[PDB]
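> File protein-v3.cif below, mmCIF, C-alpha atoms and all ligand atoms:
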data_protein
#
loop_
_atom_site.label_atom_id
_atom_site.label_comp_id
_atom_site.auth_asym_id
_atom_site.auth_seq_id
_atom_site.Cartn_x
_atom_site.Cartn_y
_atom_site.Cartn_z
CA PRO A 1 -71.85 78.05 -23.51
CA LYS A 2 -70.83 78.53 -27.15
CA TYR A 3 -70.75 75.84 -29.82
CA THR A 4 -69.21 76.00 -33.27
CA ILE A 5 -69.26 73.92 -36.48
CA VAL A 6 -68.25 74.24 -40.12
CA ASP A 7 -70.86 73.88 -42.88
CA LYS A 8 -68.73 71.70 -45.20
CA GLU A 9 -71.07 72.23 -48.14
CA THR A 10 -70.41 76.00 -48.22
CA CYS A 11 -66.73 75.91 -47.21
CA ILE A 12 -64.45 76.60 -50.15
CA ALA A 13 -61.10 76.25 -48.36
CA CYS A 14 -60.51 79.92 -47.72
CA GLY A 15 -58.19 78.97 -44.87
CA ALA A 16 -58.81 81.95 -42.58
CA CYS A 17 -60.24 79.81 -39.81
CA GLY A 18 -57.35 77.47 -39.11
CA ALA A 19 -54.95 80.35 -38.84
CA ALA A 20 -57.20 82.39 -36.50
CA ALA A 21 -58.12 79.44 -34.22
CA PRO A 22 -55.81 76.51 -34.76
CA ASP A 23 -57.05 74.83 -31.57
CA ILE A 24 -60.55 74.74 -33.02
CA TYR A 25 -60.48 74.40 -36.82
CA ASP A 26 -58.34 72.15 -39.01
CA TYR A 27 -58.68 70.76 -42.51
CA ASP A 28 -59.73 67.38 -43.76
CA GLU A 29 -58.06 65.42 -46.58
CA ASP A 30 -60.01 67.44 -49.11
CA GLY A 31 -58.91 70.74 -47.61
CA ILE A 32 -62.29 71.47 -46.08
CA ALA A 33 -62.43 72.89 -42.58
CA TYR A 34 -63.96 71.09 -39.57
CA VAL A 35 -64.03 71.56 -35.81
CA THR A 36 -61.51 69.34 -34.00
CA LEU A 37 -63.21 69.67 -30.61
CA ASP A 38 -66.01 67.30 -31.47
CA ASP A 39 -65.55 65.99 -35.01
CA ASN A 40 -67.53 68.88 -36.48
CA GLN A 41 -70.82 67.98 -34.73
CA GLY A 42 -71.18 71.26 -32.79
CA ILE A 43 -71.75 69.64 -29.44
CA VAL A 44 -68.72 70.34 -27.25
CA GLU A 45 -68.76 73.69 -25.46
CA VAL A 46 -65.91 75.86 -26.74
CA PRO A 47 -63.34 76.33 -23.94
CA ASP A 48 -63.45 79.87 -22.49
CA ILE A 49 -59.76 80.34 -23.37
CA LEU A 50 -60.64 79.79 -27.07
CA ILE A 51 -63.71 82.06 -27.46
CA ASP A 52 -61.75 85.05 -28.78
CA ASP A 53 -60.02 82.89 -31.42
CA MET A 54 -63.38 81.36 -32.35
CA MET A 55 -64.81 84.79 -32.87
CA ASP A 56 -61.86 85.77 -35.04
CA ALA A 57 -62.46 82.70 -37.24
CA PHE A 58 -66.22 83.30 -37.27
CA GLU A 59 -65.72 86.88 -38.40
CA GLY A 60 -62.96 86.12 -40.86
CA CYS A 61 -64.55 83.31 -42.87
CA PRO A 62 -65.44 84.80 -46.27
CA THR A 63 -68.24 82.28 -46.87
CA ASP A 64 -69.80 82.46 -43.40
CA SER A 65 -69.34 78.71 -43.19
CA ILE A 66 -68.23 78.94 -39.54
CA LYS A 67 -71.30 78.98 -37.27
CA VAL A 68 -71.54 79.98 -33.62
CA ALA A 69 -74.52 79.25 -31.38
CA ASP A 70 -75.66 79.03 -27.74
CA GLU A 71 -77.11 75.52 -28.07
CA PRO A 72 -75.67 72.37 -29.69
CA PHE A 73 -76.05 71.85 -33.43
CA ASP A 74 -76.26 68.02 -33.09
CA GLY A 75 -74.45 67.70 -36.39
CA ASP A 76 -76.55 70.14 -38.45
CA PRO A 77 -74.60 73.27 -39.41
CA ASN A 78 -77.80 74.92 -40.55
CA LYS A 79 -79.83 74.21 -37.43
CA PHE A 80 -80.13 77.93 -36.66
CA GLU A 81 -80.52 79.18 -40.20
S1 LIG B 1 -62.20 82.18 -50.01
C1 LIG B 1 -61.36 80.80 -50.87
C2 LIG B 1 -61.92 80.57 -52.41
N1 LIG B 1 -61.55 81.95 -52.78
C3 LIG B 1 -60.53 82.30 -53.34
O1 LIG B 1 -59.61 81.52 -53.63
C4 LIG B 1 -60.58 83.77 -53.42
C5 LIG B 1 -59.35 84.47 -53.86
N2 LIG B 1 -59.25 85.40 -52.68
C6 LIG B 1 -59.93 86.55 -52.55
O2 LIG B 1 -60.55 87.07 -53.61
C7 LIG B 1 -60.00 87.15 -51.04
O3 LIG B 1 -59.20 86.32 -50.34
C8 LIG B 1 -61.45 87.07 -50.25
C9 LIG B 1 -61.20 87.44 -48.80
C10 LIG B 1 -62.18 85.74 -50.45
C11 LIG B 1 -62.39 88.17 -50.73
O4 LIG B 1 -61.74 89.30 -49.89
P1 LIG B 1 -62.27 90.17 -48.52
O5 LIG B 1 -62.11 91.58 -49.01
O6 LIG B 1 -63.59 89.85 -48.09
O7 LIG B 1 -61.20 90.19 -47.39
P2 LIG B 1 -60.32 89.81 -46.29
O8 LIG B 1 -59.14 90.29 -47.02
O9 LIG B 1 -60.51 90.54 -44.99
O10 LIG B 1 -60.04 88.28 -45.95
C12 LIG B 1 -59.06 88.50 -44.86
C13 LIG B 1 -58.68 87.18 -44.58
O11 LIG B 1 -58.94 85.92 -45.30
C14 LIG B 1 -58.03 85.12 -44.68
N3 LIG B 1 -57.25 85.11 -46.13
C15 LIG B 1 -57.19 85.92 -47.34
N4 LIG B 1 -56.47 85.33 -48.28
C16 LIG B 1 -56.06 84.18 -47.70
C17 LIG B 1 -55.27 83.02 -48.18
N5 LIG B 1 -54.80 82.95 -49.37
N6 LIG B 1 -55.06 81.97 -47.25
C18 LIG B 1 -55.56 81.99 -45.94
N7 LIG B 1 -56.28 82.99 -45.46
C19 LIG B 1 -56.51 84.02 -46.35
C20 LIG B 1 -57.21 85.61 -43.59
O12 LIG B 1 -57.65 84.91 -42.45
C21 LIG B 1 -57.61 86.96 -43.61
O13 LIG B 1 -58.56 87.40 -42.49
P3 LIG B 1 -58.48 87.53 -40.87
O14 LIG B 1 -59.86 88.25 -40.54
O15 LIG B 1 -57.19 88.43 -40.61
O16 LIG B 1 -58.43 86.13 -40.07
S1 LIG B 2 -64.38 78.95 -46.33
FE1 LIG B 2 -63.78 77.12 -45.04
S2 LIG B 2 -61.54 76.96 -44.77
FE2 LIG B 2 -62.34 78.10 -43.00
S3 LIG B 2 -62.30 80.36 -43.46
FE3 LIG B 2 -64.30 79.58 -44.13
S4 LIG B 2 -64.48 77.63 -43.10
#
Please re-express this file's structure in structure tokens.


Amino acid sequence: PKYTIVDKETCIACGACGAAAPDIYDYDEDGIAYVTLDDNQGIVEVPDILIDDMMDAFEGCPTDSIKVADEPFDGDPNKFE
């Protein structure tokens, strides 16, 4: 399975992610992206139908704040860094 999460400390509101995968990434009140599947905790498996969009957002983010992994992040966007 794939999991995704936004590192809110490195996100600078580039806005590429919400457009590429609106069913995965949205913006909080401060304009910072987060994953709507699981309240940005990187624990819900990304639906198969949304993998391509996820990849588009992952590749498009200028700050590499979107992370993609094969195991849950359990809330830590830098777990695999
Ligand atoms: S990043 C936010 C803080 N930065 C700024 O405000 C920077 C001013 N913008 C820039 O200098 C350029 O936008 C970036 C991309 C930061 C540096 O350019 P890149 O050469 O790395 O190039 P890309 O052009 O491929 O970025 C493409 C995409 O970025 C998304 N995008 C660009 N500009 C915007 C705005 N204004 N709003 C939303 N998205 C924007 C698009 O998703 C686009 O990429 P896709 O790969 O097609 O999804
Ligand atoms: S900088 Fe933030 S707004 Fe989305 S494209 Fe990258 S996570």

> Leaving out stretch 14-29 of chain A and any residue of its chain fewer than 5 positions from it, which residues lie within 9 Å of it when counting only C-alpha atoms, given as an NGL selection string?

:A and (4-6 or 34-37 or 40 or 46 or 50 or 52-58 or 60-63 or 66)

> In terms of the shortest atom-to-atom distance over only C-alpha atoms and all ligand atoms, which of A:78, A:38, A:3, A:13 is closest to ligand LIG 2 (chain B)?

A:13

> For a quick check of understanding, using only C-alpha atoms and all ligand atoms, which of A:7, A:42, A:49, A:81 has the smallest distance to ligand LIG 2 (chain B)?

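Checking each of A:7, A:42, A:49, A:81 against ligand LIG 2 (chain B), counting only C-alpha atoms and all ligand atoms, the winner is A:7.
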
> Go through A:32, A:48, A:69, A:41 and flag the residue nearest residue A:9, using only C-alpha atoms for the distances.

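Residue with the minimum atom-to-atom distance to residue A:9: A:32.
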
> Go through A:72, A:77, A:1, A:31 and flag the residue nearest ligand LIG 2 (chain B), using all atoms listed in the file for the distances.

A:31

> Output as AutoDock Vina command-line options the centre and edge lengths (Å, one decimal) of the box along x, y and z of the file that holds every listed atom of stretch 65-69 of chain A after adding 3 Å on each side.


--center_x -71.4 --center_y 79.3 --center_z -37.3 --size_x 12.3 --size_y 7.3 --size_z 17.8
